[PDB]
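Starting off with a structure, shown below.
Neighbour counts run over all protein chains shown; Cβ positions are idealised from the backbone, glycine included. Read the figures in this text as sums done on the coordinates, not as results from a lab.
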Amino acid sequence: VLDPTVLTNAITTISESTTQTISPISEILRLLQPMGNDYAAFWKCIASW
Amino acid sequence: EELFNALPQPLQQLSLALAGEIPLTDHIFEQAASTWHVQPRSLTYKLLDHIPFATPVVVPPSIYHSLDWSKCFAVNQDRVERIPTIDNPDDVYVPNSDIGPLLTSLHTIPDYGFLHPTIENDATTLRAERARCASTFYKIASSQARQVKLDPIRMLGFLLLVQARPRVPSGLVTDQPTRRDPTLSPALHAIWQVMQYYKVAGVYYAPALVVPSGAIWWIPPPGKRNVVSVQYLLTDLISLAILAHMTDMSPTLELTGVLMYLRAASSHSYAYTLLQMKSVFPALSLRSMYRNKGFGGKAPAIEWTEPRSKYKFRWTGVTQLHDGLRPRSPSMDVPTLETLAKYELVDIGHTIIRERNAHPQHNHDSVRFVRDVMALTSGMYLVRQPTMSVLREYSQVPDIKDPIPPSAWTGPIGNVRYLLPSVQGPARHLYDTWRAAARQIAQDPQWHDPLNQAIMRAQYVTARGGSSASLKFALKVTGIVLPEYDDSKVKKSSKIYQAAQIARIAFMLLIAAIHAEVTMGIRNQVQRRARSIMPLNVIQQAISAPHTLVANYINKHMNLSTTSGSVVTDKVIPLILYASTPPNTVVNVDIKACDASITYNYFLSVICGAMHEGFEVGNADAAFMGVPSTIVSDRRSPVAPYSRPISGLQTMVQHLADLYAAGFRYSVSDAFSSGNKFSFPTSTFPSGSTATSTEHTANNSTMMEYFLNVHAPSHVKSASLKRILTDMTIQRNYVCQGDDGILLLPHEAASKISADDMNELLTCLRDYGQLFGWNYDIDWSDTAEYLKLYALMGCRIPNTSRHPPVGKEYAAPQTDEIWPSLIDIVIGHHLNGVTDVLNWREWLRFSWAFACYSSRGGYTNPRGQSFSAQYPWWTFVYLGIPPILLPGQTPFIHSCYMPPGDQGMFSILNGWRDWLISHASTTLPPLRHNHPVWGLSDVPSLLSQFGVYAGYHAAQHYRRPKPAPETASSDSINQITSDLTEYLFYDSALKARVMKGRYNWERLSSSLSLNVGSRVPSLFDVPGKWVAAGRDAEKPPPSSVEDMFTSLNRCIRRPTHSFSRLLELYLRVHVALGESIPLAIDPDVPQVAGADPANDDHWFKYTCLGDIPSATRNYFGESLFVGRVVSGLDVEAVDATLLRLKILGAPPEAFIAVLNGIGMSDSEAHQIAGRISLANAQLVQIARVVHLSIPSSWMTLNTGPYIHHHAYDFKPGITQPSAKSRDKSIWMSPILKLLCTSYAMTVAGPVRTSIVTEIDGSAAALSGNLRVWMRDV
C-alpha cells in the first residue's frame, strides 16, 4: 500500500535556514506536487517485465 | 407550529432565518425590525394565547389583593419621606399596592398613563404628607420596572420568535433537537394565566410599558386594579422563561422556581419577600450536593505551584472520587427548609432534594443540575429609595466586644495618639502592621519623583466620576474668583471642575479648612436629577493620600494584582478551581458590611496612630506633595510637653484624624422622593472605590494573620485543631481581595478534618470578628466563592442568575441615553451568555432576535419630526455576534468564540471564501482588471450585494453624540482645560519632558518621513481625554444628535465598498485546519458547568484548550512594558506605538520622543527603549500593533500553548513556499499564528490544528505592505 506522506514526512523535518533564496526542500516537493497524478506507472513498469 | 402561523409574515420570515432554514438577508432584517416598532406591544401577549398547552401551575388570585401604599409610607425627622417597616425592620423595598389612583390618563396613548400632574405640581412646591408621599412611591415603583434593558414585553417576543420554528439540524453530529417544549414550560403558562386578568376585549394590556424616560403604567378599568407586583412578577418569569430554555432546564424545575415568584407576588412587598429567599436555591443545590452514600466521578487534580507567592496553578490530571472525598460539612438542608416554611414553600424544597438525590456522583449531568437550580434565583435588581438605601444600610455601627481602653493610648501628638505597648490584643498587630508599612514609605524614594506624583493625581480624576464642587464651600477661608465655566459647556462634576481650580491654590492654604458637609453626594446644588453617590473631594482624597499608600504596601507583598484587565480570569478562576477539589476543603470567608465596619472608634484611630509613628522615620523636615512640614504639639510626656517639627507626610495624618473622626458626610439628593435632602455623617467608606477599598484588603490579610497564628492557636479548645492551626500561614493558606477571601486548609489534614473540629474553628472565627465588629459571613459548604464566582469539585459553576437576560441596574430614574447605545448593551448581553455558558445555538438564535430590535432608531426633534435609521445585518457580525447561516453552507458552524472586528471578519471570509469565488465566477461579470485575493471573480460586488461592506462601516462608525462647541468658533475653550493642564503639569521638570517629547517627535515626523499629524499618546492628550470624559455623560443637544444621526445614514449608503487596509491584507493569508489538537483534559471531567456534550461548542473548547491559563513565555501579556502610566493613556496604545517603531527600524530618538510624551524621564526614556525589543517581546503583544487582540470570550480558555505551538506560520510540507516569512518571522509569525487561531476558534466542533496554507502575494509582499501600514499609523 503506497502512502506518499512518509517520504514527505522524512523530508519536511530536515532543518533549513529560511534566509536563503533557494530552498532545496521546496524544489523537490515542487518536482512531486502532482505526484505523477497516479501510481499505476509503478505497476506498469512491473507488468512490462 | 400554530405559534409560527400567528406571527406576522415579515416576522415569520425572520423565524425561518433564526431556525437556520434560510440565510438572513438584509431585507428580512429590515422589514421584521420595522414590524417590531410599529406594532402595539400588547399584541405580543396575544401570541402567547395562540399556544394551547397545559402544565400543573395555577396562578392564585391572591396576587392582586394589595396593600395601601399610604399605610406603607410616612414622614419622619428632617421631613423625609420614607417607608416605615411594617413587619420586619428591613421592609424597605416597593410595597405591592395599586398604582391606579396615582396616575392620570396619558395624552398620546389613552390606554396608559403617567403621574397625575396635580401631585407632580404641588409636591415640589408644598411639602405635603400626601403628594410628596405619592411621588416617592411612584418614582420608586416606576424605577423597579425600569431595571430592564428594554421591555420584557419584547424579551418574551424574541423567545416566542425563536421557538416558532425548531432549529434545523446541522451536519455536525453533536447537535440535538432540544428536549424542551414550550408547551411544558410553567414559566410561560404563569404569564398566560396572569394575562387573563389584563384583557378587557381579548387585547392583553401590559401593566407597564417602560419608556426610556421611565416606566408608564396602565390605567385600571372601573372595578379592577393595577398592582405593582405583576410587572415585577412578569419580568422575573420572563427572566426565567428565557434562561430555562437556554440552560435546557427540566420543566419540573421551572415549577420549582415559578411557585416561589407566585408566592412572593401573593405576599406583600414583593422585592422584600424575594430578597428573604435570595439564597434558597444555592443552599438547596450548590451549598449541599454530595452528602449521600453513593459518591464518585472524576475531579481535576489541580496542583498549587510550589513557590507560593507566585499564585500559579497547573491542571495535573484527574482524581477519581470516593466516599472519603465527599463533603464532611453538614448539609444546608435544615436551615433552608425552615426558611421555606416561613413562606409555605416546603414543596419547593422537597422537589429539589428528590431531584438532587438523582445525582449521586459528579458528572456533566450533575453540575448542570446545580446551575439549573442557580438559574431559579431571581437576578432582579432590587431598587429601594436611595435615601433609604443610605438611611439603613449605611447607618449600621459595629458592636465592639473588646474596645481599646483610654488608658491604652499615649499622650496626644497633635490630634493623633499612639498605642501603648502594654496592650497586646489584636489591636496591637493592627497597630504594628500599619506602622512598619508606614516606615517603608518615608524610606521609599519613589516619591519626590515628578512622574509618580502625576500618576496619583491622575488616579483620583480618572477612576471615579466624582460628586460635588466643595470649592464653592472652600471660598470661606480663601478668596477665589470662582469661575462657573458656563463659557466652556463642560460638566461641573468633581472630575474637571474641581481639579482645574486646584492648580492655582496651594494645598496648605486649603487643607486646614477642608471639612465640608456637602463634601460629596450631589453637584453643588441640593436638588438635581442624580443619585447620591460615593467618591469625595479631590483635595480630601489628596489628604487621604498616605492612607492609600500604606494600604498599598500591605497589599504589595501579598496581593500581586499587577493592575491588569485579565486578573479574574487568570488568578481568581484557577483558585476557584484549585479550591473545592477533593484534596482540600475551604472556608470562603466573607466580611459583610466591611465598609460600615471601619470606624475611628476602633480602626481609624489605630492606623492613624500607626501611620504617624510609622512616618516618624525618615526626615522630620520634609514636605510631601505640596504639604510642608509643620509644628505639632507633643503631649506624650506629662512633665515635658513641647513643640516638635513633623513632616508633611505626618501633617496629612493630623488632618486625616480630624476627617475620619468627624465621619464621612453623605448628602442624599435623589430625584426619586419629592425633595428630601439632608447631609449627615457616617463611619461608612465608599463602596466601589478600589483605591480606598484596598484598605479593606489591607486589613483582611492582616487580621486573618493574627487569627491563624496567635488568636486561634491559643483560644480554641480542640487539641487536634491546634495541630492544624500551627502551620497555617496566610502566604500559603489564605487569599484575600476586598472583603471576601478563601481560607485554605493544610494539605496533610485537609479533607480528613472532622466537621466537629471545623464547627469549633468557625465559632472562634465568628467570635474573632466580634472583637472588631466584623460580622463574618462564614460559609462551610465545601465549595469555593472568592469573588462572587462558584465551584463544585473543581468545576466552575457559572451563576446564570448573576447576569440576567432582561435585567440592568439603573441608579438614575431615566436611562439618560440616545438610542444606538442599546447596541453596545446587546454585545455585552451576548458575551455574558457566552462566558456563563448556555445552549450556544439557542443563545445565538436569541441574540439575533434581540439584536434585530436594536437596529432601528427614531428620534423626536421639534424641528424635524421624522428620523429613522437601520443598521445592516452585518453590523452585529463585526461587533462579535457570529452569524447563524451564510448563503452557501450549513448553519450553526460559526462558533460563539469568534473574535469581533477585522479579526472576526477574516474568519468568516475564509471558510465562506470558496463559495464566494465560485458563486461570483458565475452570475456576475468578471473584473476588467485583476484583484489580488479573488483574482477575476467579482467577489466585492457580491459582498456589496449582501451588505457585508454596509454593516462593516456601520459598525465602525460611532454611536454616541459628540458635543457641539468646538475651537473653530469664538468660544473660550481653554478656560478649564488649560487650568487642568496646570494641575497635571505642576513641576517644571515634567513639563520640560513633554515639551521635549513633542518637539522631537514632530521633528522626526517629517525628517524620518513616514507619517504626518499622526496620533501619538502624549500627555497633552490627557486633558483632552479627561474633559471629553466629562461631556460624555452630559445630555447632548438635538443639533448634536441629528448630526450624529445624519452621519449614520451617510455612512451606510456611501459607495465605499472596500474593507480597511488591514483586512484587505489579512485576506491574502489562507489558513486551513487539519486534525483536532490532542486533548488538554479528560472530557469526562466537567470543567465548566453547562459545557456538557449537548452544549457541544463550549464542550470542545474547554476540553481541547482547558480553562487554566498556562503561564508560558507569553502568558498573554501580564507585563505591558511600561509599569506605570498617567491614568488616561492606554498602555495598549503605547505598546502598539513602540513596537511598531521597533519593526520599522526607527532611530532610538523616535522611541525617546514617544516616552518623553508620556512623561518618562530622559534617564528613563533611554532605559525603556533599549529594554524593549522585538525578540524579548511576547507573541500576543506583537500582534497588538496590527490591532489583533485576544477577545474577552477567549480569556477563560488556555489559549497560551495553542497560539504557541499548534498554530503554524509555516508548516513545511503542507504550505506553499510563497508564505515563507524569512527575516520577518520574529514579528510576522505572531500575526500569522494569531490569524490561525482567529479562524480555529470560529469553526465549531473541536479545535483543529491550524496551518497557513498560502499567501496570495509573497510573505515578503505582506511584510512590505504591513510596513507601509505601520508607517501610516
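So which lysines can residue B:808 reach, going by Cα to Cα under 20 Å and dropping same-chain residues fewer than 8 places off?
Leaving aside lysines fewer than 8 places away in the same chain, those within reach of residue B:808 are B:139, B:149, B:278, B:788.
Where the eigenvalues come from the Cα gyration tensor of chain B, what are the semi-axes √(5λ) of the equivalent ellipsoid, largest first, in whole Å?
Equivalent ellipsoid of chain B: 45, 41, 36 Å, largest first.
Let me ask something additional. Working out 0.36 nm times the residue gap between residue B:503 and residue B:1075, then minus their Cα-Cα distance, what length gain in nm do you get to one decimal?
Here the segment from residue B:503 to residue B:1075 would lengthen by 199.6 nm.
Residues with beta-carbon under 12 Å from that of residue B:290, excluding residue B:290: net charge, scoring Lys, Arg +1 and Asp, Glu -1?
Charge balance near residue B:290 sits at +4.
Let me ask something else about it. Given H placed on each backbone N at 1.01 Å, which residues far from residue B:1243 in sequence or on other chains put an amide H within less than 5 Å of it?
B:895
Mind listing the long-range amide H neighbours of residue B:210? Cut-off is under 5 Å, sequence gap 5 or more, other chains count too, H placed in the peptide plane at 1.01 Å from N.
HN-HN under 5 Å from residue B:210: B:216.
Continuing with the same structure: Sort B:1012, B:57 so the one with the fewest other Cβ atoms within 10 Å of its own Cβ comes first.
Ascending Cβ contact count within 10 Å gives the list B:1012, B:57.
I would also like to ask the following. Net charge within 15 Å of residue B:634 by Cβ-Cβ distance, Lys/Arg positive one each and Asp/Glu negative one each, not counting residue B:634 itself?
+2
Counting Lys +1, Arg +1, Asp -1, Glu -1, what net charge surrounds residue B:729 among other residues with beta carbon under 10 Å of its beta carbon?
0
Could you put B:83, B:1143 in order, starting from the residue whose Cβ has the fewest other Cβ atoms within 10 Å?
The most exposed by this proxy come first: B:1143, B:83.
May I ask for the distance between the Cα centers of segment B:1073-1147 and segment B:747-781, given as a whole number of Å?
Taking the Cα centre of each part, segment B:1073-1147 and segment B:747-781 sit 37 Å apart.
Tell me, Kirkwood radius of segment B:578-618 from alpha-carbon pair distances, in Å?
13.6 Å
Okay, next question. Residues in segment B:768-809 near a label at residue B:90, defined as backbone nitrogen under 16 Å from the 7 Å Cα→Cβ point?
The answer is B:775-779, whose backbone nitrogens lie closer than 16 Å to the label point.
Scanning chain B for helices, which whole DSSP H stretches are 24 Å or more long along the axis (Cα) and average 1.0 or more by Kyte-Doolittle?
Qualifying helices: B:229-246.
Further, regarding this structure: Measuring from a point 7 Å past the Cα of residue B:128 along Cα-to-C-beta, which residues in segment B:87-113 have an amide N at less than 16 Å?
Within reach of a label on residue B:128, which here means backbone N under 16 Å from a point 7 Å along Cα→Cβ, segment B:87-113 contributes B:101-104.
Indicate the gyration tensor shape class of segment B:386-896 (rounded, prolate or oblate), computed on the Cα atoms with a ≥ b ≥ c the square roots of the eigenvalues: a/c under 1.5 is rounded; otherwise a/b larger than b/c is prolate and the rest oblate.
Because a/c hits 1.5 or more and a/b fails to exceed b/c, segment B:386-896 counts as oblate.
Efficiency by 1/(1 + (r/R0)^6): what FRET value for residue B:1144 and residue B:560, r their Cβ-Cβ distance, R0 = 30 Å, to the nearest 0.05?
Once the sixth-power term is evaluated, E becomes 0.30.
For the protein assembly as shown, what does -39500 (n - 2.57) per DSSP helix run (n ≥ 4), summed and divided by total residues, give at 222 nm, in deg cm²/dmol to the nearest 500?
Result for the protein assembly as shown, helices only: -11000 deg cm²/dmol.
Could I have the simple spin-label model distance between residue B:358 and residue B:1057, label points 7 Å from Cα toward Cβ, reported in nm to one decimal?
So the label points at residue B:358 and residue B:1057 sit 5.7 nm apart.
Quick check on segment B:529-607: what are the equivalent-ellipsoid semi-axes from the Cα gyration tensor, as sqrt(5λ), descending, whole Å?
Semi-axis lengths for segment B:529-607 are 31, 18, 16 Å.
Give, in nm to one decimal, the length gained when the segment between residue B:1113 and residue B:1043 is fully stretched (0.36 nm per residue of separation minus the Cα-Cα distance).
20.4 nm
Please give, to one decimal in nm, the separation of the simple spin-label points placed at residue A:28 and residue B:1082, each 7 Å out from Cα toward the Cβ.
Those two pseudo-labels are separated by 4.4 nm.
With both partners inside segment B:2-385, how many of the DSSP beta bridges are antiparallel, as a percent to the nearest 5?
If we restrict to bridges inside segment B:2-385, about 90 percent are antiparallel.
What is the Cα centroid distance between segment B:399-443 and segment B:487-558, reported in whole angstrom?
Using only Cα atoms to place each centre, the spacing works out to 28 Å.
With point charges of +1 on the Cβ of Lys and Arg and -1 on the Cβ of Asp and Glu, referenced to the Cα centre of chain B, which listed residue (B:1144, B:408, B:113) lies farthest in the positive direction of the dipole?
In chain B, that residue is B:1144.
For segment B:342-460, count the residues as N, evaluate 2.2 N^0.38 Å, and divide the Cα radius of gyration by that value, please.
That ratio works out to 1.99.
Return the percentage of antiparallel bridges among DSSP beta bridges fully within chain B, rounded to the nearest 5 %.
90 percent
Another one. Does segment B:1173-1242 classify as rounded, prolate or oblate by the C-alpha gyration tensor (a ≥ b ≥ c root eigenvalues; a/c under 1.5 gives rounded; else a/b over b/c gives prolate, otherwise oblate)?
Oblate shape, in that a/c is at least 1.5 and b/c is the bigger or equal ratio.
Quick one: Cα centre-to-centre distance for segment B:283-357 and segment B:1007-1054, in angstrom?
52 Å
Right, here's the next one. Could you calculate the contour length gain from residue B:446 to residue B:62, that is, 0.36 nm times the residue separation minus the distance between their Cα atoms, to one decimal place in nm?
The span from residue B:446 to residue B:62 would gain 131.5 nm if fully extended.
Amide H neighbours of residue B:1249 under 5 Å, at least 5 residues apart or on other chains, H built in the peptide plane: list them.
So residue B:1249 has HN proximity to B:1074, B:1075, B:1076, B:1077.
When a/c reaches 1.5 or more, the comparison of a/b and b/c decides; with that in mind, is the protein assembly as shown rounded, prolate or oblate per its Cα gyration tensor?
The shape class here is rounded.
Jot down the per residue volume, in cubic angstrom and as a whole number, of the convex hull over the alpha-carbon atoms of segment B:897-1272.
Considering the Cα atoms of segment B:897-1272, their hull volume per residue is 191 Å³.
Using a simple spin-label model with points 7 Å from Cα along the Cα→Cβ vector, what separation in nm is obtained for residue B:960 and residue B:592?
In this crude label model, residue B:960 to residue B:592 measures out at 3.7 nm.
By what distance, in whole Å, do the Cα atoms of segment B:866-984 stretch along each of the three principal axes, largest value first?
63, 38, 37 Å, listed from the longest principal axis down.
Counting DSSP beta bridges with both partners in the protein assembly as shown, what percentage is antiparallel, nearest 5?
Of all bridge pairs located within the protein assembly as shown, approximately 90 percent are antiparallel.
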